[PDB]
Structure formats: C-alpha cells, structure tokens
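Below, in structure tokens: the form deposited in one PDB entry, a single chain.
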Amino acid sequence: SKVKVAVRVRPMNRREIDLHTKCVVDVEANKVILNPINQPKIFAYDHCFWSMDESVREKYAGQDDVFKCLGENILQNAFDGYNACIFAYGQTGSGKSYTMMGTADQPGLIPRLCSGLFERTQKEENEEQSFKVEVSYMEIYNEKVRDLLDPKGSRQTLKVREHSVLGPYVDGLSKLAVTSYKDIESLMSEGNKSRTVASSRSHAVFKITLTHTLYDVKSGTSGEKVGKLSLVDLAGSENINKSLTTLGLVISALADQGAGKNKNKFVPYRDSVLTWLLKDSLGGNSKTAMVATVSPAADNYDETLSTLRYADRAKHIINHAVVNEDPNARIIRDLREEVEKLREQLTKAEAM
C-alpha cells in the first residue's frame, strides 16, 4: 500500500474560452506533461483523468469513469474491512467539489459510493451477513469544527479530543445510522448547503462507516468487520491556512520516509486539527488515495506545478492498512497453540 494518486484535468472555464487561453497541460495515459508558458515538466501517476472536452472517445473521463477507477476501489476496500480514504487536492476552481460531490446533473464520488454501497449492502444480505451503515459530515474552517448534519443550524464549535480506543475524535459530532441512500441525501444536501463564505478555505470531511457482521452458523458465533471510508474535500491549495500548510508538512515528511530521509524526525500530525484527525489516513491504517485536480489554463501554471508536485510526493507515502477484525479471536488462537505446545512438553518430560 503506497498512496494512489490520480490527476484530473477540468475543462477551460468561460473566461479562458473567451480569451482563448492556451492549454499547458496534456495527458498521455498515466503521464501528465506540464508545457512551458513561453522546460516541460513531466509527472506520472496511477491514473490520469482528462476531463477537458467531452466530445472525445479514448480520452474523455466523465464522472462514472472516475468512479469505476477509484470509487469502486474504496467500495471493495470497505466490505473487506479496510479503512479507505480519498482526498481531493488543488486550487480553487480546479474542480475539487465537482469530483467529490458533483452537481445535480453530474454526481461525483460521494452520491455514487452511497448509491453503490446500499446497492451492494442489499445484494449480500443473506442470513450469513448483515451491514450497518453510519455516516458523519463535518466541516473544518479556521481550525474549528462544525457539524454539517446538525439540523438546528447552530453552527456550534465542537472540540477535538484524543482517545486510547477511538484515537482523536470530534466530541459531539453526530453519527447518523442510515438504511437507504435517500436517508443520507435528505440530510446531506443540507450539509453541502451549511457552508461558510468570504467559502473556499474550509475542508469538508465525509465519513461513512460500514459494519459487516458475519455469522458462523456451524459454530453459532458472530463477528463484526468495520470499514471506514473518509471522503475529504480540502480547501484551495493556492490562522486560516494552518491546516492546509500543515498538511503540506505532513505529506513531505512521510514521502521522505520510505525514501529513507529523516527516518527519526516525527511527522507533525499534532499541529492542525485536520492533520490530527486524519492522522490515520496519512501513512496509517488506511487504503488512502489522492485526487490532484488541476486547471489546464496557462494562467494557472504556477499552482498547477505546485499541485503536480504535491501529487508526486504523495505517491511515495506508505500506508499500513490492516483489516479491522476482533483482537480477541487471534488472542484465543495463539493461547490454544501454547496449550497444545505445553501439553506435549509435559509428556516429553514425564519420561524422567
């Protein structure tokens, strides 16, 4: 598990069509080549989604093209009891919301994972397996946390705590159990609503929990696997930017390790509430992926190079995803083997 990095290129926006601004980005399979405005810097990633002109065949990547490559991965991960995570990263206007959430006519990953999760939760209920789904949705702005699923609209601040069983958590963040996609969307389109202005410097964290119960009908016992999917919508990469810049720190420190540099210096998860809550999604117990979104416009070249050079560093982060099973089952297994080993040493010592 190294962090999987996609790059998505959006179409030229209206001003750029009018001004006939020049394309400096191009895509060749999984390579994206940053041309000079006038040296052409070339980067390679896991995927490269060219979303520039719909009227193409082999090239165009629409929203369900993005979902087959990434949403289908994180979905499989959940059912196998993994923590998964997708960050959208890049400048304002480059397309972070379109990819995460989409528009009403072009749904992004979040409505498509939700739709496809209940479609697969419903298809595998079978008297040996059940599934409970909880959902949470928090926004972070100015290093404060708000609950976007709060129906009273308080926009109250919730404090972050640490825990020896949960880890860092937001105290009083609602987790809403949900049984159909219509349950969430009737809370969560109001969560996309309840977002600040002056609007692009806040991060949205959407977290879905899948509890997979499994039944040993022969043994009569039951266990539970839990996956957690976190869909993270960052502020624009272009005390208001403490989280974003700390997230810069933490991606380089990690990318340096595995590359074997500063193996002994500690990753500063602690400093911003964003890096500290997503501690585990960054070099921890998480199948994590990143979507660097870029504008192809030549007027954006500098933030585009920033974003391509973050995306290139994040691909060197090593993850430690394990399956969130029950500690006890393996403790019993190894205790029983000591009993068997010790019972043999007993009859291997009666002869004395």
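The first residue of the sequence shown is number 1, and the count goes up from there. For the two forms, the rigid core is made up of the largest set of C-alpha atoms that agree within 1.5 Å on superposition.
In this entry, no coordinate-free residues of the deposited sequence separate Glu185 from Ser186. Where coordinates are absent for parts of the deposited sequence, a chain break appears; between neighbours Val217 and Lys218 there is no such break.
On average the C-alpha atoms of 54-62 have higher B-factors than those of the other stretch, with 54-62 and 296-304 being the two compared. The PDB entry records a higher mean C-alpha B factor for 166-174 than for its counterpart among 166-174 and 131-139. For the set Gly191, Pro107, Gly90, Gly116, the maximum C-alpha B-factor listed in the entry falls on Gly191.
Of all the options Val205, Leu244, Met101, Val160, the entry's greatest CA B-factor is assigned to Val160. In the PDB entry, a CA B factor belonging to the highest third of its chain's modelled residues is recorded for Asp150. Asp256: CA B factor lies in the middle third for its chain, per the PDB record. In this PDB entry, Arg333 carries a Cα temperature factor that places it within the middle third of its chain's modelled residues. In the PDB entry, a CA B factor belonging to the middle third of its chain's modelled residues is recorded for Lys2.
The PDB entry assigns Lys287 a C-alpha temperature factor belonging to the lowest third of its chain's modelled residues.
Absent from the display: the form deposited in another entry. The rest refers to it.
Core-based superposition between the shown form and the other one shows that, of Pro107, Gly93, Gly248, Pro168, only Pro168 has its Cα displaced by 2 Å or more. For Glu28, the Cα coordinates differ by under 2 angstroms between the shown form and the other one after the core has been superposed. The Cα shift for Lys218 between the shown form and the other one, taken after rigid core superposition, is 2 angstroms or larger. In the core-superposed comparison between the shown form and the other one, the C-alpha atom of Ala321 has shifted by less than 2 angstroms. In that other deposited form, the CA atoms of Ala329 and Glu224 come closer by at least 3 angstroms compared with the shown structure. Here's the thing about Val56 and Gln63: their CA atoms end up at least 3 Å closer in that other deposited form than they are in this form.
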